[PDB]
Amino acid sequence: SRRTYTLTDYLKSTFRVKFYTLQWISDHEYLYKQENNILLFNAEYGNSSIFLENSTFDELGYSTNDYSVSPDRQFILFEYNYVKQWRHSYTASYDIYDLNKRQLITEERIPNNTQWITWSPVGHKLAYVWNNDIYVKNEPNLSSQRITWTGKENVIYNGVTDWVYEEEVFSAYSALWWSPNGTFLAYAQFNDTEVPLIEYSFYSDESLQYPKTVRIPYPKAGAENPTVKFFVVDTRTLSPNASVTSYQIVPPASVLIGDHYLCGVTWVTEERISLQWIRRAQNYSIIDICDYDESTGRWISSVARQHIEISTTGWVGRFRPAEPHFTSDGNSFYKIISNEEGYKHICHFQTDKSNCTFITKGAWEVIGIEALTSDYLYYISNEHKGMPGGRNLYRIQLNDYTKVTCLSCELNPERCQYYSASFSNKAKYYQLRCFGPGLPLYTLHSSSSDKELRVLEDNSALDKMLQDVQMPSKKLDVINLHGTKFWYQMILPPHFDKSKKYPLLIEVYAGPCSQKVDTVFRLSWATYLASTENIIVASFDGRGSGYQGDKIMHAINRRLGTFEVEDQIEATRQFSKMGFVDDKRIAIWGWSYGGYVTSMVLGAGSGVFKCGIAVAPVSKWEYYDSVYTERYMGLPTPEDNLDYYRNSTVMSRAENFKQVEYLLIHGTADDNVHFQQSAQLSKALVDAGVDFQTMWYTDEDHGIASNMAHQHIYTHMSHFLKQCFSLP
């Protein structure tokens, strides 16, 4: 032991962090690929069998990047030819393989460039999008049936979301919802017709003589937004000589009154669907439980079956209103909302009664509802030890909201404080995912006795390797800002010599409801900066950060770039007091919102930071998309919030950049935070006679994730810092 975790170690993932991904297919069975083959595991016994031998894989075209077995287990989809688009969207090619005959369906095949596809909840029907249109195949070998015709590229989307619904509302490309029994197929249609286009250049491969102009309908703050239509389709009459039987469900008057967004779709029963709408302003949402009128095919609404959720201090939900979780019968539902105290907690609702009943209370928050049985509700909260940066699995007894137990809490207190969970079909079993502070740990549990059962993956191999390398230690602690207790974390160099004054790297994000301080174990660039370069890396969650009540999270409502920016400065200032830090060598970096914050900070003139790096930063909110931007800023109009839109640009702080060293980076093909943002920032700094460095990344997106590009930016950033800290 005399070697340290290096940039190459981090760049090449020399140290492998293993995990264990399974797929429940029953209340007691899951599918797990091991050594390339799909094995069927029995949760109860641990004994397994073969479902699909590796070798059944005959590199069709390229290779199998994902599979999907149909619910009746008679078939299985093979995803290959993957071709990414946006964060979640992508096209692919599919093969349907008959498990009975263990054959490969060869007639009536799924198209090339398929946008989205999915089995029905039961059986093996198939719905898929292609060229913005919907298709249904009741039988793999049988011919498909075209559902929509309006499908137009960059104009009409049926079955899949457009750019803003993908990135800002559903965090999915998918906009298809099979009914529980497959009778109905729900979908949304998005109309981008009047949505302005962001246009940037994509240079493609060196062989391309002329660059290509990418054009995406992307609504910026205040611009015209796309419109939505919801339809429920009765797949029963789907026949080639029959038309399509579909009903359009509109939002309740209170929202149909103006621009809005469809943000949630939840089937309760085969004849009950739950629509979640929110206004453009996004501080007013509403759940509409619609009932199927057998005698007419209509889907009906009722004032009594509607539930309003609003915010006066900000926006509804974290990034969107929390989803409703209905009881089997569908007469009541449990959903997370804010207290009178402003804490995200579970409230029990009655399908047709407006009053709800919180079943959880506390100065902490429910992160999410994972499972619901006829007796119990399973959820995840950051309650344990009152530290918001941790997560745990809790079970509450429905007949007595006093009987609430914590399953993950004491399993491995030192190694596990951050969990997520996956439950079997009828919540009879569940896998616990431990992500830190110690090495990840995957285990299988039986809901009956919460018995350990077995350890799926302990990363024992990874633990071995790391005992030879000089790893940094990660500590989390609090500090007091204007009365409030806020959390921070510091990755400290090995053999920490307290007499020495270490340089400081503040890694920031600071976006609304963001959380940079947690107990998640990571092998990041910071690890390298501390293990090898003896640089201390810290992060701070202040006003604006989430998982700590609305009072904190909403602090920056309608005023982005203010309190979250300032709290980073005061937090750092406090830190610069600790004896082991060289207050004359403090840098700050961030990506996206972190790049914005970092910029605002450098241009703050606090004289606190010597240099910073902004990767793909927002620079002027009017340049960002309407759904996200407005959710926190409202409209950039003088009758509303124009003033705070203008005094929050980075450009407005240009003059102050003369006091520090700044590295501005940005992918030229960033559909998310358009390259423009940085182009406008640099031009401003140039007008201000301010010197600084830049690094553009040709054809890389918001992720700058291509192999060569990933390695480069981190290598570059690393020298800039060393250069800034006068390091060897």
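For clarity, a rigid core is taken as the largest C-alpha set superposing within 1.5 Å between two forms. One rule holds for the numbers: they count along the sequence shown, beginning at 1.
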Original post:
With the rigid core as the fit anchor, does 421-429 or 495-503 show bigger C-alpha shifts in 6 other deposited structures of this protein?
Top reply: 495-503
Original post:
Once the rigid core is matched, which of the two stretches, 58-66 or 25-33, lies farther off on average in 6 other deposited structures of this protein by C-alpha?
Top reply: 58-66
Subject >> Between 174-182 and 350-358 (mean CA B-factor, as deposited), the higher >> reply: 350-358
Original post:
Given the B-factors recorded for C-alpha atoms, which segment has the greater mean, 127-135 or 445-453?
Top reply: 445-453
Subject >> Residue of maximum C-alpha B factor among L481, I156, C263, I569, per deposited coordinates >> reply: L481
Original post:
With respect to the C-alpha temperature factors reported in the PDB entry, which of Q677, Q34, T698, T694 ranks highest?
Top reply: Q34
Original post:
Should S207 be placed in the lowest, middle or highest third of its chain by the C-alpha B factor in the entry?
Top reply: lowest
Original post:
Going by the entry, which third of its chain does the Cα temperature factor of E622 land in?
Top reply: lowest
Subject >> B-factor third for the C-alpha atom of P226 within its chain >> reply: lowest
**OP:** Taking the values exactly as deposited, rank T649 by C-alpha B-factor within its chain and report the matching third: lowest, middle or highest.
**Re:** lowest
Subject >> Position of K498 among the chain's modelled residues by C-alpha B-factor, lowest, middle or highest third >> reply: highest
